[PDB]
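First, one chain by itself in C-alpha cells, the form deposited in one PDB entry.
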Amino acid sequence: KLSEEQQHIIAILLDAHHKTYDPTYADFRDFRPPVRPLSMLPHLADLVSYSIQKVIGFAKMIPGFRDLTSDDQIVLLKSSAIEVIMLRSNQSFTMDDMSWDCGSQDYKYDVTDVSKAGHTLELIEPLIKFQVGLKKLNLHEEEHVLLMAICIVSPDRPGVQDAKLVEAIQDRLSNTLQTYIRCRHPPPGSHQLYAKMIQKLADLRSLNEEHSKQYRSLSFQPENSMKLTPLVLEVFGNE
C-alpha cells in the first residue's frame, strides 16, 4: 500500500500542478496574437516560452529536485521541457477533432496551426498519435503528475553529473506511481498501466529528437530566430 511519504509525494505534486497549470488559460491573451507562412510562430513561440516557465515552476516543487546541483537542474530542464509540454498538453487535447482546446477559437490549436509554426508531419503525425495513446490511458490526475515528474528527473539525460542521485529521486517517484496504480487504479484500466506509461516516456524521447532537429533547422534562419523569445532561445538552443 501507499506509505505516508508516498501519499505526501502525490499531495505535493498535485498541488504543484494546480499552481502551474491554469485550465482557464486566461494568460493566453498576453501572448502575441495568433494568425491563421509561419504565421503562428509568434503566438506559439510565446505560448511555448510561457510553458517553459510553468514547467520550471513544477519541477522545483518535485520532492528532491532541489537537492540536485544547479547544473543538474539545468540539464534536466533543458532536455525535458519540450517533453513535459507535450505531456501536460494532453490535458487540453481532445479526440473529437484531434486538437488542443484551450478555451476559445483563437486559442484552439490543430495540425494546421502547428505546421504554421514551421513544423512538418514528421513531428506532428507522431505527436497526434502520442496524444491519442496517452489520452486512451485515462490517467488519474495523480498518475499524470507523477509521470511528468518522472519525465523531468531522468538519470540518462546527457550531461548529468550526479546521475546516481537523479535515479534515487526518480525511483522514489516510480515506486510511488507503481504502488498508486496497484492501490488506487482499478482493473481493467490498470492492466499494464505502468509499462504503458513508461512506454510513453520512450515515445517522448523520439518526439524530443524530431522536435530538436526541426527546431535547429527553423531557428538557424535569423528571421525565424528573431520571432522567438530569450527564454526559448536559451532553453531550446541559440544557433
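Position 1 is the first residue in the sequence shown; the rest follow in order. For the two forms, the rigid core is made up of the largest set of C-alpha atoms that agree within 1.5 Å on superposition.
Here the subject shifts to the form deposited in another entry, a form of this protein not shown in this document.
Core-based superposition between this form and the one not shown shows that, of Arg182, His191, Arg29, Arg66, only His191 has its Cα displaced by 2 Å or more. Once the rigid core is used as the reference frame, the Cα position of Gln214 differs between this form and the one not shown by 2 Å or more. The pair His17 and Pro186 is at least 3 angstroms farther apart at the CA level in that other deposited form than in the present model.
Relative to the shown form, the Cα atoms of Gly189 and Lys19 move apart by 3 Å or more in that other deposited form.
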